[PDB]
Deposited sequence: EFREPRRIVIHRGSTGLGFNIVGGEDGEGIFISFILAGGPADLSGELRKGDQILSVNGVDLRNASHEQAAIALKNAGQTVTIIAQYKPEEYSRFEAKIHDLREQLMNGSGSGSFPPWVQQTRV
C-alpha cells in the first residue's frame, strides 16, 4: 500500500536514535523504538514500525540483524535511508513475542534480539 520514504539523518551525541529488530531468519529489519525528541522525533518522518529497506543503497530487504547493524553504525557521516512503513506486518511480530512470552512464563523481553543504534 505505502510507498517507501527516503530520509537522510546526521548522527547525534546519541547516534541515529532508534532501536532495531528483526531479520535473523525470515523476518526483516524494523524500527522498534523512536526515542522521544532525538534525531528521529525532531524530524519525526519515522515511526516505530517502518522497515528499513536501504542504508546508503546497501539493501537490507533480506538483511541479517548484525549485517543490518554493521551497515547502519558503519552507515556514516550521513546515511540515505528508505523506510517502508508497514504497520500490519510489524504487529504480526510484536504480538507473537507477547504471546510467545505469555506462554513460557506460564516492552520487549531481553531474549528478543534488538540492537541499539
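- If you line the structure up with the deposited chain, the stretches without a C-alpha atom are 1, 108-112.
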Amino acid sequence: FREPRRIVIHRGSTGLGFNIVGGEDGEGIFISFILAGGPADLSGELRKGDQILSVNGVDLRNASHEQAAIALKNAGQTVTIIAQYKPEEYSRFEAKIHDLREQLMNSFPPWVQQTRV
From here on, numbers count along this sequence of modelled residues.
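- Two stretches are in play, 36-44 and 22-30, and the higher mean C-alpha B-factor belongs to 36-44.
- Taking the mean C-alpha B-factor of each stretch as recorded, 92-100 and 6-14 are not equal, and the higher mean is that of 6-14.
- Remark: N56 belongs to the middle third of its chain, ranked by C-alpha B-factor as recorded.
- In this PDB entry, the Cα temperature factor of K73 sits in the middle third of its chain's modelled residues.
- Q67: CA B factor in the highest third of modelled residues in this chain (values from the PDB entry).
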